[PDB]
């Protein structure tokens, strides 16, 4: 496979929406999913009141063991220090993406969102079967609003120890989701009390796209390696931003995700190959980097909005929220595929045999060690006046892949190398400056005397060995 083949495959990963079918099910766009997850139309600002900020209180009440909650469960207790710590991180992860402010109040004071443990389904009888539940805003029962109550079965080790059992942390984020107005992404009516993924309303109702789902990411071809996302995923972000608006103040500086992170978020950071990230990135400004340098697996990194990446040996585990521009990416020691976007991108392959694709804008490309391939598929990739730079080219080892053009022209003789331009479309010209150690690659794609494509290359290039055409 060419570099271009790999780029094309990553660009078309998890295509969705526009009426297509997947797994015999309707595919929804990110937007459609956000709307469907919020189909009850309930918010803390009112029924069908969307897009407005909200300020909410939360607490950890000191529930009495023999008391019975509204759902009939008993053996109640207050959240432990560990549970409180993890719940606050879950709250923060929702506040990061939408215009929600959370303020803690005292255990005995009325609060919008509450957290409690229960252990028994009836007095003296421990429940080992259930996990957790919560009430959406404006859930009126016997005259009282149950909205905001969240309840967890502390007999489950993950609920008791969410700091070391990542399904517990996910459960906290999920149930807070309900408390804010999110539903499961389907009702699963056809499953009649024993539902499976086969009963979804839309194909992207899986844990790849939403932590409001209970269906494995494997149903959509994801693979999270036995781990569970801590924080809102791509379609959860669409949902909650529909409800309370997008948080334009979040991470507006130059932000590094992954290794060497300055996010101050556990779920956006790692300090070792064994620590695997799973996240959907929301970022409201600045020059940002996906630093996945410390992973040894073969990775695929796509910097386009709404797109999925294969990071740290997982599949479809990293994504970028709608409306977000991430500028830079750093691969690991594996053989990576790294795809930029229309902005200026710094792309670094690291060790391994990498494929780099800057796309539009003026990109800076570093293959690193290994046999790397730099791919181009439009004159606008590297326009004169905004040229890409390949900073580390090694002749006989690295390659420039222009193969898209002859494939599109269906002619082996469209791109070809000449010693001087004649105005004929397809002509490519190399010019080497031994004094500056810079090679210019100029191509006349559009058919003018002046070329419309110019790549600047640090290093010599050997035309006999270094191209894929």
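Positions refer to the first chain, counted from 1.
Stretches compared: 16 to 24, 450 to 458. Higher mean C-alpha B-factor in the entry: 16 to 24. With 242 to 250 and 196 to 204 compared on mean CA B-factor from the PDB entry, the stretch scoring higher is 196 to 204.
Remark: of 437, 68, 32, 45, 68 shows the highest value [criterion: C-alpha B-factor in the PDB entry]. The PDB entry assigns the greatest CA B-factor among 134, 180, 105, 338 to 105.
Residue 52: CA B factor in the middle third of modelled residues in this chain (values from the PDB entry). For residue 267, the recorded CA temperature factor ranks within the lowest third of the chain's modelled residues. When the modelled residues of the chain are ordered by their C-alpha B factor, residue 101 lands in the highest third. Compared with the other modelled residues of the chain, the Cα B-factor recorded for residue 60 ranks in the highest third. Per-chain ranking of the deposited C-alpha B factor places residue 418 in the highest third.
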